[PDB]
């Protein structure tokens, strides 16, 4: 009847597993992320299987966002704050990518970024 008290789901091992695949190595992307990219590249290569993939891709985007959500609400705020900018910026680019994929079927970054874009 009343408003349920604020509580947060803790950090799952699968969260960390995804995190590590997102921020993997300097010469290689983590399996999950490498994949997460291939899919967005493909759904941007067509605009009419596709609708079933985009549904499963948006699921993945949600996982990224949820990962941040749980990562933040954890007891140890030291770990979080130490790499907040990274997790936040991945969470954000996933929202704008999810939102762009939802739109595809249903029809920023600073000055430093604008300079990076205009390069091979």
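Residue numbers count along the first chain shown, from 1.
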At a threshold of one third of the other compared entries, does residue 110 come out as unmodelled?
no
Gap at residue 73 across at least one third of the other PDB entries:
no
Missing residues of the deposited chain between residue 107 and residue 108 number 10 or more
Using what the record says, work out whether there is a hole in the model between residue 48 and residue 49 and how many deposited residues it spans (none, 1 to 3, 4 to 9, 10 or more).
10 or more
Stretch with the higher entry mean CA B-factor, where the candidates are 79 to 87 and 33 to 41:
33 to 41
Pick between 63 to 71 and 49 to 57: the one whose mean CA B-factor in the entry is higher.
49 to 57
Per the entry's Cα B factor values, which of 19, 25, 101, 11 stands out as the maximum?
101
